[PDB]
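Here we start with a single chain on its own, the form deposited without N-(thiophen-2-yl)acetamide (OK7), put down as structure tokens.
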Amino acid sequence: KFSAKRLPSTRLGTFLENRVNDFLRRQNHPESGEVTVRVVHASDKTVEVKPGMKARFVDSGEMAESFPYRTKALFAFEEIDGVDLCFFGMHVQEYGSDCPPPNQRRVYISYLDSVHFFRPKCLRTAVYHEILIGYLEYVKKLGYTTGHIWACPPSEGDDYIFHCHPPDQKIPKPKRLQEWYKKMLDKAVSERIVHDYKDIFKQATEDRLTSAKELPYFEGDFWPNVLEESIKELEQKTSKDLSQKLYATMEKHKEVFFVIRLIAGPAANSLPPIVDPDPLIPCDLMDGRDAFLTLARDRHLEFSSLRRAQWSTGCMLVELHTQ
């Protein structure tokens, strides 16, 4: 039996599917099927401060050399005609209470992906909200104060977590994707899960950010590459700053980057240490998005039709059950 439900359990994965299924139960639509949510990878990693920032702040003892975090991979599956169809997947970076500033108590979405075959089509949007709001609610409960989202769609014919998408599933334009996350976060605010949210520029302004060493530094994020480019440009200068370039860049791309406050004011100051109840889950196939993208490209595990998607889901589960 190589079904999604059979995969090992986590406090995180069960919190999410319960939120999804309670929602669907209430909706009581006859075309909906049971959804199952599973964390298929959990490992401890570090994000190393890149050369420019290392020479400016690390070498002077002003900034930590690296930031420890936990990476988790999790996927969601719905029963569509007696069989599991993987319609959502996500990779996250979690920086706990032992992490040095500016990263402590922060979560970041590395990549998120979906296959538009959730049944019915009229309930897709609402189900995506349940998973994402549920993840925010879950980490807030553990004592993570902030969520970070880089709302950016893929490049020219680019695939994130799933191999070969339906040609019908259009790559959203940036303003559509931004509006989507704004709407999900307004809903999380109304449910009293998110205290408030802000764009990166407005957030640094309100935090009185004066140095590049104060900006959260995540694996594969836009801002560590911007700082590198900016330092290179500034070091090339001869005469016969960094923060002002950072503020200008942040203003220019502000709508793309969300800073989500889950815990506000004094409640965020007297928190106990973050204790994750879930154990580490070694699974090389799901350590980052590349290993599953390769296995799916080699074994032709496609998601370009409902039938092709259901097929590749089955294969995915057989591979996940082997380890």
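All residue numbers are counted from 1 along the displayed sequence.
Gap check for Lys240 to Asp241: 10 or more deposited residues are absent from the model. Taking the mean C-alpha B-factor of each stretch as recorded, 36 to 44 and 268 to 276 are not equal, and the higher mean is that of 268 to 276.
Taking only CA atoms, the mean B-factor in the PDB entry is higher for 147 to 155 than for the other of 131 to 139 and 147 to 155. Across the options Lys182, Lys252, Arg105, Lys170, the residue with the most elevated CA B-factor in the record is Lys170. In the PDB entry, the Cα temperature factor peaks, among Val83, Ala204, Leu227, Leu112, at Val83.
In the PDB entry, a CA B factor belonging to the highest third of its chain's modelled residues is recorded for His163. When the modelled residues of the chain are ordered by their C-alpha B factor, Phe117 lands in the highest third.
Looking at the C-alpha B-factors along this chain, the one for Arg289 belongs to the middle third. Sort the chain's modelled residues by C-alpha temperature factor and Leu295 lands in the highest third, per the entry. Sort the chain's modelled residues by C-alpha temperature factor and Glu31 lands in the highest third, per the entry.
Although not depicted, the form deposited with N-(thiophen-2-yl)acetamide (OK7) bound is the subject of the following passage.
Proximity to N-(thiophen-2-yl)acetamide (OK7) in the deposited complex, defined as a heavy atom within 4.5 Å, holds among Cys99, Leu136, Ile149, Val226 only for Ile149.
Here is the short version: of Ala73, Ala188, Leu85, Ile200, the single residue with a heavy atom within 4.5 Å of N-(thiophen-2-yl)acetamide (OK7) in the deposited complex is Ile200. The closest heavy atom approach of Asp221 to N-(thiophen-2-yl)acetamide (OK7) in the deposited complex falls within 4.5 Å. In the deposited complex, N-(thiophen-2-yl)acetamide (OK7) sits within 4.5 Å of a heavy atom belonging to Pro216. The closest heavy atom approach of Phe257 to N-(thiophen-2-yl)acetamide (OK7) in the deposited complex falls within 4.5 Å. Stretch 258 to 266 is the contacting one of 274 to 282, 56 to 64, 258 to 266, 32 to 40, since its residues have non-hydrogen atoms within 4.5 Å of N-(thiophen-2-yl)acetamide (OK7) in the deposited complex.
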